[PDB]
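What follows is a single structure, written as structure tokens, with notes after it.
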Ligand SMILES: [Cl-]
Ligand SMILES: [Cl-]
């Protein structure tokens, strides 16, 4: 009677990143990527329990929303936001959720626009959200500021506004595998999705990869990838099906879309991430799909990739 | 043995528009909206056959892509593109597809950015795509131009570039329910998704609604909605399941998410759109989900909304 667990029958090439609105360009396993992952977006259990700051669908990944504050709690001045969820429902600060759902889970100067909502006249202008700064990016406290030199005259106390990202600036310190300090100078622990980590020596996380759009001054080049543990279409699939997990870990096979050949197998863990048996950096082109084959015991040994 | 037809068990409030990257804010039936719909995005049959320019997932809705042409086939100069699909595979012009998949299917000055791809150094800058212009927007011919005053020095012949939209300018003539002229001055008919139209007097199309972001000079106000026939998550669901249709038309019920009460019923047509029995403008808040109940004969009479 219980809903069987399944994966979406879609090639990875047709999926999108769960941490930024981008297509998946492939997968990577690498001993020089972080051995454990702590992302807060793209986190769901296999039986459909959202974790961290993860949205169920791609409504507003990377966005923050709220109402304009005329006072704090080229020259770029802060635009302060009394934060809401991106669907404009209330966000309770200092509670059991690190930030509103969909809030960026990386540290960067994020470029984008600030959108005045239709009730106050649809308009938008350029702004950035610098998630490296404790003073203006502490969303766990219920407030955050974007920065803009284009806001003059367009906002008044209480206006609904939403930040929509286009990309980042990237420098020598950019590392998108580090979480921001959601509480600013104040530590936060409650409601974080836990570390995803293999428990088999010889297994590594299989990450899904996208290219992050970058706009540095004068076009300075520092190309940057962004990883996630689950493409958003897998998050939505597990959320929608709510299939009970019926074993320690899910055995999955990656199937070539053209030939139907089994390319490799992996473990899909209940906490929502993939591991494979590998020792060296391996790049997987996304012209295949994952197929759930069976629930297996935690001591199952994967065929080496 | 055949896959049963189903709808995604998600409230409409968690779905996104199939014609622009936006959340669905509700549904509308209205005798003063077009009685037939001709959108090319968000078109799929119930058994999973994509139509028009419709992508299976939200990879690149509203984008166009290609390689830079240094020659034609503030002051804003055209940036000419030898068009590809947005996944960088080849687009065959003058054939059986009106434009690359995901190409905008409305006429507007679409604001956004132009993205130089990582192989030539990740960088992006502001640009617009004016889909009202025959001379620079004829994607059926394999070429189109965006316009920019920020490109100087950043592009060379053959560079991969992608236009990503943020919103539109809107004026007194804006009407997003009219298709662009995909062939420019040359008519195009081949490969268009057909008109969606009720076949019951007393029934009207149930449209899904989003608010389009607008940026007019000086913040001039002209708020604009954009309609679609299917949210993209329904498109993806039907595409993924490939469920055979087992009757003339699908009977669906809209269920209140809180109470589980049946709010109204409608017909979900094989060509991929909803109709309901109504006479006057009716606005539906999206805090419910559609449930497939049975295949019915084409002469089935719906309970009035
Ligand atoms: Cl499966
Ligand atoms: Cl259903």
**Prompt:** Based on the Cβ-Cβ distance of residue A:75 and residue B:89, what FRET efficiency does E = 1/(1 + (r/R0)^6) give at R0 = 51 Å, to the nearest 0.05?
**Reply:** 0.70
**Asked** In whole Å, what is the distance between the alpha-carbon centres of region A:178-218 and region A:66-127?
**Response** 21 Å
**Request:** Would you tell me the mean number of C-beta atoms belonging to other protein chains that fall within 10 Å of each C-beta in B:7-13, as a whole number?
**Result:** 3
**Asked** By per-residue mean of other Cβ atoms within 10 Å, what is the highest-first order of A:97-104, A:168-175, A:134-141?
**Response** A:97-104, A:134-141, A:168-175
**Request:** May I ask you to derive the relative contact order of region B:20-61, considering only C-alpha pairs under 8 Å and at least 6 residues apart, and to give it as an integer percent?
**Result:** 32 percent
**Request:** Mark the label point 7 Å from the Cα of residue A:132 along Cα→Cβ and return the residues of region A:168-188 whose backbone N is within less than 12 Å of it.
**Result:** A:169-176
**Request:** Answer rounded, prolate or oblate for region B:1-72, using the Cα gyration tensor with square roots of eigenvalues a ≥ b ≥ c: rounded when a/c is under 1.5, else prolate when a/b is larger than b/c, else oblate.
**Result:** prolate
**Prompt:** Could you give the nm distance between label points at residue B:186 and residue B:173, where each point is 7 Å from its Cα heading toward the beta carbon?
**Reply:** 2.4 nm
**Request:** Tell me the distances, shortest first, between residue A:293 and the same position across the other copies, using label points 7 Å along Cα→Cβ, in nm to one decimal.
**Result:** 4.3
**Request:** Partner chain Cβ atoms within 10 Å, averaged over the residues of B:208-221 - can you pull that number for me?
**Result:** 4
**Complete:** Inter-copy distances for residue B:187, label 7 Å out on the Cα-Cβ vector, sorted ascending, nm, one decimal, are 7.3
**Request:** Assign one of three labels to region B:249-295, namely rounded, prolate or oblate, based on the Cα gyration tensor with a ≥ b ≥ c the square roots of its eigenvalues; rounded applies when a/c is under 1.5, prolate when it is not and a/b is larger than b/c, and oblate otherwise.
**Result:** oblate
**Semi-axis lengths (Å, descending) of the ellipsoid that matches the C-alpha gyration tensor of chain B** = 36, 20, 17
**Message:** Given axes a ≥ b ≥ c from the Cα gyration tensor, I'd like to know whether the protein assembly as shown is rounded (a/c under 1.5), prolate (a/b larger than b/c) or oblate.
**Reply:** rounded
**Message:** Let me confirm one metric for peptide A:110-123, namely the mean number of other chain beta-carbon atoms within 10 Å of its residues' beta-carbons.
**Reply:** 5
**Asked** Nearest-to-axis residue of chain A, judged by Cβ, for the A-to-B rotation, with distance in whole Å?
**Response** A:58, 3
**Distances in nm from residue B:242 to the matching label points in the other copies, shortest first (labels 7 Å along Cα to Cβ)** = 2.9
**Item:** Relative contact order for region B:95-163, counting Cα pairs under 8 Å that sit 6 or more residues apart, in percent
**Value:** 34 percent
**Item:** Calculated FRET efficiency for the pair residue A:287/residue A:197, C-beta based, R₀ 30 Å, to 0.05
**Value:** 0.55
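As a convention, Cβ positions derive from the backbone with ideal geometry for all residues, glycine included, and neighbour counts pool all protein chains shown. Bear in mind these aren't lab numbers, they're just calculated from the coordinates by the rules spelled out.
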